[PDB]
């Protein structure tokens, strides 16, 4: 029997970066330009025999949005530089609301739009590296690395759960 884990996570980023489309791709495995507080996804991780149930929040209301979150995806649109400049503001808002740091994966979304991309891979890698965040290039449209981004976040939250278990068991 696998180990069981449950986490609330938050989708962060400016308007139209693809927060909803990424969540739809992850939970319902499709994409629709005309697709109209949280989604649920159950995910198995074979390498450690662990089962994760996720609450993926995507939206006073701000404080309830962040409360109880154990992780998040920090998205920007590689075709719009302003959305990349603002990811620091989203990180600060989350950490300030929670009054603590939570793991974040930096997600450079819409990488299928090669002809209109303005934020280079190395820029996102450097920001994530400066914050000890993982970095993922994703496309909700093609599905590229979408499941990987959530899976990597799950593994980090699991290792942090294990860290806390050991701290409480000295």
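Numbering follows the first chain given and starts at 1.
According to the entry, the stretch of the deposited sequence that connects residue 36 to residue 37 contains 4 to 9 residues lacking coordinates, which leaves a gap of moderate length in the model. In the deposited sequence, the stretch from residue 113 to residue 114 has no residues without coordinates, so the chain runs on without a break. When 39-47 is weighed against 126-134, 39-47 comes out higher, by mean CA B-factor as recorded in the entry.
According to the PDB record, 92-100 carries the higher mean C-alpha B-factor of the two stretches 92-100 and 68-76. Of the candidates 106, 140, 54, 61, the PDB record gives 61 the highest C-alpha temperature factor. Among the modelled residues of its chain, residue 170 has a C-alpha B-factor that falls in the highest third, as given in the PDB entry.
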